[PDB]
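Novice: One structure is given below, represented as structure tokens, and several questions about it will come after.
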Amino acid sequence: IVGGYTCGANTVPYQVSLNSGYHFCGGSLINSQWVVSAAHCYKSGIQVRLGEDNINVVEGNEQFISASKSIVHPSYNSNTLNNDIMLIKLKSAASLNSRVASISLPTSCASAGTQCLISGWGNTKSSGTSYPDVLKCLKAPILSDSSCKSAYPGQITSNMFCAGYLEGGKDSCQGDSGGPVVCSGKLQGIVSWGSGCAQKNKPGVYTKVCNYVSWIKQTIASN
Ligand SMILES: [Ca+2]
């Protein structure tokens, strides 16, 4: 997250870190056994880390649970990043509490102008490189479909939306991939892609989660 703030320990209790010897992506806990992330975060050997603030220090609220299975969306295209969504099942159910909690799926899509919370352990620099170890947060509005498409000619599908600031300065970044965009207590987006970070007229692009609720529910119901 570039131009954000330190969230505070366990203030984003649905935020997970995906770890394969190191943090490589964010995710969102949606029930005791399932995490939603980006399809471009897919790999084998995933451990899901819940209750994290400092990802380099065991602070006492963590739960480390290995993934038993991953399910990339059937229509995911890695070239265009269309349908950039994946489900990860935990080998055991997480113990839910005030600091490890599921985030509700949307019942309807959120509109341009809706204020949301984007969070992650990604790069905090738009030019250089600096990885924070504590969770960073950004309050950002959803942008209009028209402004999103104008920012990225030929690249915005019906399964994507832009959020952030056309002036730049505040954005998601490398390492935030797969993490949450939460608006009015609902998971509306997944950190998916952008062109650099916090650049003028290049806001972050997010997977439009409301399009996938039926797939998420049906997949969970049979796996
Ligand atoms: Ca920790």
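Ordering of the structure tokens sets the chain letters (A, B, ...); residue numbers start at 1 within each chain; ligands are numbered from 1 in the order shown.
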Tell me, which residues of segment 70-212 of chain A carry DSSP strand (DSSP E), written as JSON, numbers by chain?
Specialist: {"A": [70, 71, 72, 86, 87, 88, 89, 90, 115, 116, 117, 118, 119, 120, 136, 137, 138, 139, 140, 141, 160, 161, 162, 163, 180, 181, 182, 183, 186, 187, 188, 189, 190, 191, 192, 193, 204, 205, 206, 207, 208]}
Novice: Where does chain A meet ligand 1 within 9 Å, residue by residue, with the nearest atom pair and distance in Å to one decimal for each, counting only C-alpha atoms and all ligand atoms, listed by chain and rising number, as a tab-separated table?
Specialist:
```
residue	atom	partner	partner_atom_place_in_ligand_line	distance
A:49	CA	ligand 1	1 (Ca)	8.4
A:50	CA	ligand 1	1 (Ca)	8.8
A:51	CA	ligand 1	1 (Ca)	7.4
A:52	CA	ligand 1	1 (Ca)	4.7
A:53	CA	ligand 1	1 (Ca)	5.4
A:54	CA	ligand 1	1 (Ca)	4.5
A:55	CA	ligand 1	1 (Ca)	4.2
A:56	CA	ligand 1	1 (Ca)	5.7
A:57	CA	ligand 1	1 (Ca)	4.4
A:58	CA	ligand 1	1 (Ca)	4.1
A:59	CA	ligand 1	1 (Ca)	5.2
A:60	CA	ligand 1	1 (Ca)	7.4
A:61	CA	ligand 1	1 (Ca)	7.7
A:62	CA	ligand 1	1 (Ca)	6.2
A:133	CA	ligand 1	1 (Ca)	8.8
A:134	CA	ligand 1	1 (Ca)	8.4
```
Novice: Let me see the file: selected residues, N, CA and C atoms, as a PDB file, in the first residue's frame.
Specialist:
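After the write, again_20.pdb holds the following:
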```pdb
ATOM      1  N   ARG A  49      -2.105 -17.597   6.915  1.00  0.00           N
ATOM      2  CA  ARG A  49      -1.774 -17.006   8.207  1.00  0.00           C
ATOM      3  C   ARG A  49      -2.814 -15.961   8.583  1.00  0.00           C
ATOM      4  N   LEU A  50      -3.577 -16.272   9.630  1.00  0.00           N
ATOM      5  CA  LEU A  50      -4.647 -15.412  10.118  1.00  0.00           C
ATOM      6  C   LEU A  50      -4.185 -14.732  11.396  1.00  0.00           C
ATOM      7  N   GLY A  51      -4.853 -13.645  11.769  1.00  0.00           N
ATOM      8  CA  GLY A  51      -4.537 -12.935  13.003  1.00  0.00           C
ATOM      9  C   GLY A  51      -3.205 -12.207  12.981  1.00  0.00           C
ATOM     10  N   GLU A  52      -2.701 -11.915  11.782  1.00  0.00           N
ATOM     11  CA  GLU A  52      -1.406 -11.262  11.623  1.00  0.00           C
ATOM     12  C   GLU A  52      -1.485  -9.747  11.736  1.00  0.00           C
ATOM     13  N   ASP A  53      -0.493  -9.162  12.402  1.00  0.00           N
ATOM     14  CA  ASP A  53      -0.133  -7.773  12.163  1.00  0.00           C
ATOM     15  C   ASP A  53       1.291  -7.755  11.609  1.00  0.00           C
ATOM     16  N   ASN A  54       2.302  -7.822  12.473  1.00  0.00           N
ATOM     17  CA  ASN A  54       3.677  -7.943  11.999  1.00  0.00           C
ATOM     18  C   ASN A  54       3.917  -9.354  11.481  1.00  0.00           C
ATOM     19  N   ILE A  55       4.121  -9.485  10.175  1.00  0.00           N
ATOM     20  CA  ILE A  55       4.255 -10.817   9.568  1.00  0.00           C
ATOM     21  C   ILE A  55       5.625 -11.457   9.831  1.00  0.00           C
ATOM     22  N   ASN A  56       6.554 -10.704  10.424  1.00  0.00           N
ATOM     23  CA  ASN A  56       7.872 -11.243  10.766  1.00  0.00           C
ATOM     24  C   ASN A  56       8.039 -11.619  12.240  1.00  0.00           C
ATOM     25  N   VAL A  57       7.012 -11.370  13.050  1.00  0.00           N
ATOM     26  CA  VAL A  57       7.074 -11.606  14.492  1.00  0.00           C
ATOM     27  C   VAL A  57       5.810 -12.326  14.955  1.00  0.00           C
ATOM     28  N   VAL A  58       5.969 -13.374  15.760  1.00  0.00           N
ATOM     29  CA  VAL A  58       4.820 -14.050  16.360  1.00  0.00           C
ATOM     30  C   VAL A  58       4.376 -13.211  17.549  1.00  0.00           C
ATOM     31  N   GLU A  59       3.219 -12.561  17.424  1.00  0.00           N
ATOM     32  CA  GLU A  59       2.744 -11.602  18.427  1.00  0.00           C
ATOM     33  C   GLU A  59       1.639 -12.128  19.353  1.00  0.00           C
ATOM     34  N   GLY A  60       1.071 -13.288  19.025  1.00  0.00           N
ATOM     35  CA  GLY A  60       0.198 -14.014  19.958  1.00  0.00           C
ATOM     36  C   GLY A  60      -1.251 -14.214  19.549  1.00  0.00           C
ATOM     37  N   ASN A  61      -1.658 -13.650  18.416  1.00  0.00           N
ATOM     38  CA  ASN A  61      -3.024 -13.827  17.925  1.00  0.00           C
ATOM     39  C   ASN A  61      -3.111 -14.587  16.605  1.00  0.00           C
ATOM     40  N   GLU A  62      -1.976 -15.087  16.125  1.00  0.00           N
ATOM     41  CA  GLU A  62      -1.930 -15.778  14.842  1.00  0.00           C
ATOM     42  C   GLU A  62      -2.539 -17.174  14.888  1.00  0.00           C
ATOM     43  N   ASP A 133       6.264  -4.453   7.616  1.00  0.00           N
ATOM     44  CA  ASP A 133       5.956  -5.742   8.184  1.00  0.00           C
ATOM     45  C   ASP A 133       4.617  -5.750   8.887  1.00  0.00           C
ATOM     46  N   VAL A 134       4.125  -4.570   9.260  1.00  0.00           N
ATOM     47  CA  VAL A 134       2.780  -4.435   9.823  1.00  0.00           C
ATOM     48  C   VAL A 134       1.788  -4.105   8.712  1.00  0.00           C
TER      49      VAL A 134
END
```
Novice: Calculated over only C-alpha atoms, which of the candidates A:103, A:183, A:39, A:117 has the smallest distance to residue 83 of chain A?
Specialist: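 Smallest separation from residue 83 of chain A among the options: A:39.
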Novice: Going by DSSP on the backbone, which residues of segment 24-197 of chain A come out as alpha helix (DSSP H)? List them as a VMD selection string.
Specialist: chain A and resid 145 to 151
Novice: Pick out the residues sitting within 12 Å of residue 150 of chain A, and hand them over as an mmCIF file with C-alpha atoms, in the first residue's frame; count only C-alpha atoms, and ignore anything fewer than 6 positions along from it in its own chain.
Specialist:
```cif
data_model
loop_
_atom_site.group_PDB
_atom_site.id
_atom_site.type_symbol
_atom_site.label_atom_id
_atom_site.label_comp_id
_atom_site.auth_asym_id
_atom_site.auth_seq_id
_atom_site.Cartn_x
_atom_site.Cartn_y
_atom_site.Cartn_z
ATOM 1 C CA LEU A 143 -14.134 5.046 -9.567
ATOM 2 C CA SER A 144 -16.632 5.220 -12.431
ATOM 3 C CA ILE A 156 -11.132 -3.170 -18.227
ATOM 4 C CA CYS A 162 -10.903 0.826 -10.464
ATOM 5 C CA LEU A 166 -6.534 9.683 -10.497
ATOM 6 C CA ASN A 201 -4.193 8.318 -14.022
ATOM 7 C CA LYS A 202 -3.240 4.704 -13.208
ATOM 8 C CA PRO A 203 -5.385 3.661 -10.242
#
```
Novice: So which residues touch segment 68-77 of chain A within 12 Å, counting only C-alpha atoms, skipping near sequence neighbours fewer than 2 positions away, as a compact mmCIF listing (two decimals) with N, CA and C atoms, in the first residue's frame?
Specialist:
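around37.txt was written with the following content:
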```
# COMPACT_ATOMS: atom_id res chain seq x y z
N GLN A 33 -13.50 -21.89 7.12
CA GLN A 33 -12.68 -22.83 6.34
C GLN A 33 -12.22 -22.35 4.97
N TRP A 34 -12.60 -21.13 4.57
CA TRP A 34 -12.38 -20.68 3.20
C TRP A 34 -11.83 -19.27 3.13
N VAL A 35 -10.88 -19.08 2.21
CA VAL A 35 -10.28 -17.79 1.92
C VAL A 35 -10.48 -17.46 0.44
N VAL A 36 -10.80 -16.21 0.14
CA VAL A 36 -10.82 -15.72 -1.24
C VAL A 36 -9.58 -14.88 -1.50
N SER A 37 -8.95 -15.12 -2.65
CA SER A 37 -7.76 -14.38 -3.05
C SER A 37 -7.80 -14.17 -4.57
N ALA A 38 -6.69 -13.72 -5.15
CA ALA A 38 -6.60 -13.53 -6.60
C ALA A 38 -6.10 -14.82 -7.24
N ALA A 39 -6.61 -15.16 -8.42
CA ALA A 39 -6.12 -16.32 -9.16
C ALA A 39 -4.63 -16.21 -9.49
N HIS A 40 -4.16 -14.99 -9.74
CA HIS A 40 -2.74 -14.79 -10.05
C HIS A 40 -1.84 -15.05 -8.83
N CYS A 41 -2.45 -15.21 -7.65
CA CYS A 41 -1.74 -15.68 -6.45
C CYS A 41 -1.60 -17.20 -6.36
N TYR A 42 -2.16 -17.94 -7.31
CA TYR A 42 -2.11 -19.40 -7.23
C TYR A 42 -0.68 -19.93 -7.18
N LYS A 43 -0.45 -20.87 -6.27
CA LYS A 43 0.74 -21.70 -6.24
C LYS A 43 0.46 -22.87 -5.30
N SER A 44 1.32 -23.89 -5.32
CA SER A 44 1.20 -24.97 -4.35
C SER A 44 1.95 -24.60 -3.08
N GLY A 45 1.69 -25.36 -2.02
CA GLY A 45 2.40 -25.20 -0.75
C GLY A 45 2.03 -23.93 0.00
N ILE A 46 0.75 -23.58 -0.01
CA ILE A 46 0.27 -22.37 0.67
C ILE A 46 -0.07 -22.66 2.13
N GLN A 47 0.49 -21.85 3.03
CA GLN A 47 0.02 -21.78 4.41
C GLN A 47 -0.74 -20.47 4.59
N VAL A 48 -1.96 -20.56 5.12
CA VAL A 48 -2.76 -19.38 5.40
C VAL A 48 -2.44 -18.88 6.80
N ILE A 65 -2.56 -22.15 9.30
CA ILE A 65 -3.30 -23.32 8.83
C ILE A 65 -2.98 -23.56 7.36
N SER A 66 -2.53 -24.77 7.04
CA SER A 66 -2.17 -25.12 5.67
C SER A 66 -3.42 -25.24 4.81
N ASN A 79 -3.40 -13.84 -18.94
CA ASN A 79 -2.90 -12.77 -19.80
C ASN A 79 -3.67 -11.47 -19.58
N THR A 80 -5.00 -11.56 -19.58
CA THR A 80 -5.86 -10.38 -19.41
C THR A 80 -6.24 -10.12 -17.96
N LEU A 81 -5.98 -11.10 -17.09
CA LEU A 81 -6.43 -11.12 -15.69
C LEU A 81 -7.95 -11.05 -15.52
N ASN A 82 -8.70 -11.41 -16.55
CA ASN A 82 -10.15 -11.51 -16.42
C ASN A 82 -10.48 -12.69 -15.51
N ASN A 83 -11.43 -12.48 -14.61
CA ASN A 83 -11.82 -13.48 -13.61
C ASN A 83 -10.66 -13.82 -12.65
N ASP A 84 -10.00 -12.78 -12.14
CA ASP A 84 -8.87 -12.95 -11.23
C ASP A 84 -9.35 -13.23 -9.81
N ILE A 85 -9.81 -14.46 -9.60
CA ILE A 85 -10.34 -14.89 -8.32
C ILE A 85 -10.05 -16.38 -8.09
N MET A 86 -9.77 -16.72 -6.84
CA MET A 86 -9.44 -18.09 -6.44
C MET A 86 -9.91 -18.32 -5.01
N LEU A 87 -10.34 -19.54 -4.73
CA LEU A 87 -10.73 -19.96 -3.38
C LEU A 87 -9.69 -20.91 -2.81
N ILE A 88 -9.41 -20.76 -1.52
CA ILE A 88 -8.47 -21.63 -0.82
C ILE A 88 -9.18 -22.21 0.39
N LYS A 89 -9.17 -23.53 0.51
CA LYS A 89 -9.76 -24.19 1.68
C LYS A 89 -8.67 -24.52 2.69
N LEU A 90 -8.97 -24.27 3.96
CA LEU A 90 -8.06 -24.55 5.06
C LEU A 90 -8.20 -26.00 5.50
N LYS A 91 -7.07 -26.63 5.84
CA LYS A 91 -7.06 -28.02 6.31
C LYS A 91 -7.88 -28.21 7.58
N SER A 92 -7.94 -27.18 8.41
CA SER A 92 -8.79 -27.16 9.60
C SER A 92 -9.49 -25.81 9.70
N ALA A 93 -10.65 -25.78 10.34
CA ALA A 93 -11.40 -24.54 10.51
C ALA A 93 -10.64 -23.60 11.44
N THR A 157 -12.52 -5.17 -18.10
CA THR A 157 -13.67 -6.01 -18.39
C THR A 157 -14.79 -5.74 -17.39
N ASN A 159 -15.71 -7.60 -15.18
CA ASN A 159 -15.34 -8.25 -13.92
C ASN A 159 -14.26 -7.48 -13.16
N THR A 207 -10.74 -7.07 -8.73
CA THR A 207 -11.70 -8.07 -9.18
C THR A 207 -13.06 -7.75 -8.58
N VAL A 209 -16.05 -8.62 -7.05
CA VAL A 209 -16.47 -9.81 -6.31
C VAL A 209 -17.96 -10.12 -6.41
N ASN A 211 -19.84 -10.21 -8.84
CA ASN A 211 -20.08 -11.08 -9.99
C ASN A 211 -19.86 -12.56 -9.70
N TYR A 212 -19.20 -12.87 -8.58
CA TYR A 212 -18.74 -14.24 -8.30
C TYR A 212 -19.40 -14.89 -7.10
N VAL A 213 -20.40 -14.24 -6.51
CA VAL A 213 -21.00 -14.73 -5.26
C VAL A 213 -21.66 -16.09 -5.44
N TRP A 215 -20.86 -18.37 -7.75
CA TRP A 215 -19.76 -19.32 -7.90
C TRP A 215 -19.11 -19.64 -6.55
N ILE A 216 -18.87 -18.61 -5.73
CA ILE A 216 -18.26 -18.81 -4.42
C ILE A 216 -19.13 -19.72 -3.56
N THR A 219 -19.40 -23.36 -4.98
CA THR A 219 -18.13 -24.04 -4.83
C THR A 219 -17.90 -24.47 -3.38
N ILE A 220 -18.15 -23.57 -2.44
CA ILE A 220 -18.02 -23.90 -1.02
C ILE A 220 -18.98 -25.03 -0.65
N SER A 222 -19.95 -27.60 -2.21
CA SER A 222 -19.61 -28.92 -2.74
C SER A 222 -18.14 -29.31 -2.59
N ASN A 223 -17.38 -28.53 -1.84
CA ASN A 223 -15.96 -28.79 -1.66
C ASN A 223 -15.54 -28.69 -0.21
```
Novice: Can you tell me which residues surround residue 100 of chain A at a distance of at most 7 Å, considering only C-alpha atoms, apart from same-chain residues fewer than 2 positions away, and format the answer as a list in words?
Specialist: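 After dropping sequence-adjacent residues, the list is residues 13, 14, 50, 51, 96, 97 and 98 of chain A.
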Novice: Restricted to N, CA and C atoms, what would the selected residues look like written as an mmCIF file, in the first residue's frame?
Specialist:
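Output saved as part-v6.cif:
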```cif
data_model
loop_
_atom_site.group_PDB
_atom_site.id
_atom_site.type_symbol
_atom_site.label_atom_id
_atom_site.label_comp_id
_atom_site.auth_asym_id
_atom_site.auth_seq_id
_atom_site.Cartn_x
_atom_site.Cartn_y
_atom_site.Cartn_z
ATOM 1 N N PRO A 13 -9.716 -7.938 10.736
ATOM 2 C CA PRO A 13 -9.612 -9.336 11.179
ATOM 3 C C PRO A 13 -9.850 -10.407 10.107
ATOM 4 N N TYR A 14 -10.363 -9.994 8.950
ATOM 5 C CA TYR A 14 -10.565 -10.880 7.798
ATOM 6 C C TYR A 14 -9.340 -10.927 6.884
ATOM 7 N N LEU A 50 -3.577 -16.272 9.630
ATOM 8 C CA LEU A 50 -4.647 -15.412 10.118
ATOM 9 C C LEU A 50 -4.185 -14.732 11.396
ATOM 10 N N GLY A 51 -4.853 -13.645 11.769
ATOM 11 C CA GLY A 51 -4.537 -12.935 13.003
ATOM 12 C C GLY A 51 -3.205 -12.207 12.981
ATOM 13 N N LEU A 96 -12.746 -18.614 15.145
ATOM 14 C CA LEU A 96 -13.176 -17.243 14.920
ATOM 15 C C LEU A 96 -13.302 -16.493 16.238
ATOM 16 N N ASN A 97 -12.850 -15.245 16.224
ATOM 17 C CA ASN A 97 -12.894 -14.373 17.391
ATOM 18 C C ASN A 97 -12.837 -12.916 16.918
ATOM 19 N N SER A 98 -12.709 -11.967 17.842
ATOM 20 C CA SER A 98 -12.682 -10.544 17.476
ATOM 21 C C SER A 98 -11.539 -10.174 16.529
#
```
Novice: Which of these residues is nearest to residue 102 of chain A, using only C-alpha atoms: A:121, A:31, A:194, A:177?
Specialist: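 Ranked by minimum distance to residue 102 of chain A, first place goes to A:31.
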Novice: Point out the residue among A:111, A:32, A:20, A:155 with the least atom-to-atom distance to residue 188 of chain A, counting only C-alpha atoms.
Specialist: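 Nearest candidate to residue 188 of chain A out of A:111, A:32, A:20, A:155: A:111.
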Novice: I'd like the interatomic distance between atom CA of residue 131 of chain A and atom CA of residue 114 of chain A, to a tenth of an Å.
Specialist: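 Atom-to-atom, atom CA of residue 131 of chain A to atom CA of residue 114 of chain A, that is 28.2 Å.
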Novice: Any chance you could tabulate, as JSON lines, the residues of segment 103-212 of chain A at most 10 Å from segment 27-30 of chain A with each one's nearest atom pair and distance in Å to one decimal, using only C-alpha atoms, in chain and rising number order?
Specialist:
```
{"residue": "A:103", "atom": "CA", "partner": "A:30", "partner_atom": "CA", "distance": 5.1}
{"residue": "A:104", "atom": "CA", "partner": "A:30", "partner_atom": "CA", "distance": 6.5}
{"residue": "A:105", "atom": "CA", "partner": "A:30", "partner_atom": "CA", "distance": 7.3}
{"residue": "A:119", "atom": "CA", "partner": "A:27", "partner_atom": "CA", "distance": 9.9}
{"residue": "A:120", "atom": "CA", "partner": "A:27", "partner_atom": "CA", "distance": 8.9}
{"residue": "A:176", "atom": "CA", "partner": "A:27", "partner_atom": "CA", "distance": 9.0}
{"residue": "A:177", "atom": "CA", "partner": "A:27", "partner_atom": "CA", "distance": 8.1}
{"residue": "A:178", "atom": "CA", "partner": "A:27", "partner_atom": "CA", "distance": 5.1}
{"residue": "A:179", "atom": "CA", "partner": "A:27", "partner_atom": "CA", "distance": 4.4}
{"residue": "A:180", "atom": "CA", "partner": "A:28", "partner_atom": "CA", "distance": 5.9}
{"residue": "A:181", "atom": "CA", "partner": "A:28", "partner_atom": "CA", "distance": 9.2}
{"residue": "A:182", "atom": "CA", "partner": "A:28", "partner_atom": "CA", "distance": 9.8}
{"residue": "A:187", "atom": "CA", "partner": "A:28", "partner_atom": "CA", "distance": 8.2}
{"residue": "A:190", "atom": "CA", "partner": "A:27", "partner_atom": "CA", "distance": 8.0}
{"residue": "A:191", "atom": "CA", "partner": "A:27", "partner_atom": "CA", "distance": 9.0}
```
Novice: Calculate how many Å separate atom CA of residue 19 of chain A from atom CA of residue 173 of chain A, rounding to one decimal.
Specialist: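 That distance, rounded to one decimal, is 17.6 Å.
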